[PDB]
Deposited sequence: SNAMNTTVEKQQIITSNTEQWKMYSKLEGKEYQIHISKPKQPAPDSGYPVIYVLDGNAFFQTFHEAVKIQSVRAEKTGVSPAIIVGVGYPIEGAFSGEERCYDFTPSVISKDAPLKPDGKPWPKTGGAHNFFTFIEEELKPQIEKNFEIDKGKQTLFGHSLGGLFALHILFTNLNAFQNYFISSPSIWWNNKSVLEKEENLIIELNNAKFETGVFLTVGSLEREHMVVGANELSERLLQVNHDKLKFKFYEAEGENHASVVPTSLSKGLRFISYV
């Protein structure tokens, strides 16, 4: 019989941060990927990836491969920041449900309505640490969210547009709480009238997702496409043949091209 030297996978140009939120003492596990390529003079673009445990490596590996030949692929070297949890799985059910939801569900269920506190954590706590530890281009920040994550990202677009210059919004759970998030869609044009930078919004959905999801995303897409404003660039992609769990890897490269600066 034969042996093998057994080891753990350690990914190069990555690191992890353990952090607790100031207000609630909530524990986060942050995954960070830095490009092999030198920063441009203005700093690296940065991509904040919600549900970091589920999607971090996928973003990391695609950027690491595609950004080598940027003029062929249209993908810029970017720092990836997975915003995750100290868990063994892909998703943290209770924690994300709270973090991603702007209001307490209408009339026990898991706590909802923690999006304000989560946004505070990101803006006031996580971002200053990333910006001090890495050379960041602060005019080239992207927020990615899928699912309830996409709900949160849509919420930020409607209420805190200037926080990110690109939004990669995947199968957003807009149905959530009787479409309460859509009640703030009104705000967008008001926000755009004062936006600092042209804002890119890439919306995606799988064609085989449940009818209410597919229809909601197509309707939202038609409303966003109707906007004609210098500060908004919008793109929609319905992934044909793809379902709720497979739209993210399928749409990833189109998203990366849309948010990139080549």
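Missing C-alpha stretches, by deposited numbering?
Deposited residues absent from the model fall in 1 to 4, 112 to 120.
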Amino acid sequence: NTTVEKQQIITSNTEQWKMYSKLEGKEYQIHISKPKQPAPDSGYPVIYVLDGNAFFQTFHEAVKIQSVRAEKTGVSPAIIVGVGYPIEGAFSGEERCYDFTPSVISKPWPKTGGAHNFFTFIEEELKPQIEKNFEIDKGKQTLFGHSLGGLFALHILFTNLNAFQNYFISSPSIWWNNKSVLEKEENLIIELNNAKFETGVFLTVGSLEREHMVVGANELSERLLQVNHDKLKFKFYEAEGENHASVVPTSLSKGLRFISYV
From here on, numbers count along this sequence of modelled residues.
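Averaging the C-alpha B factors as listed in the entry, name the stretch that ends up higher: 48 to 56 or 31 to 39.
Here the higher of the two C-alpha B-factor means belongs to 31 to 39.
On average, are the C-alpha B-factors higher in 139 to 147 or in 109 to 117?
If you average the C-alpha B-factors of 139 to 147 and of 109 to 117, the larger mean comes out for 109 to 117.
By the entry's C-alpha temperature factors, tell me which of 85, 168, 175, 158 sits highest.
Comparing C-alpha B-factors across 85, 168, 175, 158, the top value belongs to 175.
Among the chain's modelled residues, which third holds the C-alpha B-factor of residue 9?
Highest third - that is where residue 9 ends up once the chain's C-alpha B-factors are sorted.
Going by the recorded CA B-factors, say which third of the chain residue 104 sits in, lowest, middle or highest.
It belongs to the highest third of the chain when residues are ordered by C-alpha B-factor.
Could you tell me which third, lowest, middle or highest, the C-alpha B-factor of residue 224 occupies within its chain?
According to the entry, residue 224 has a C-alpha B-factor in the chain's middle third.
Compared with the other modelled residues in the chain, in which third is the CA B-factor of residue 16?
Middle third of the chain for residue 16's C-alpha B-factor.
Please place residue 209 in the lowest, middle or highest third of its chain according to the CA B-factor in the PDB entry.
Middle third - that is where residue 209 ends up once the chain's C-alpha B-factors are sorted.
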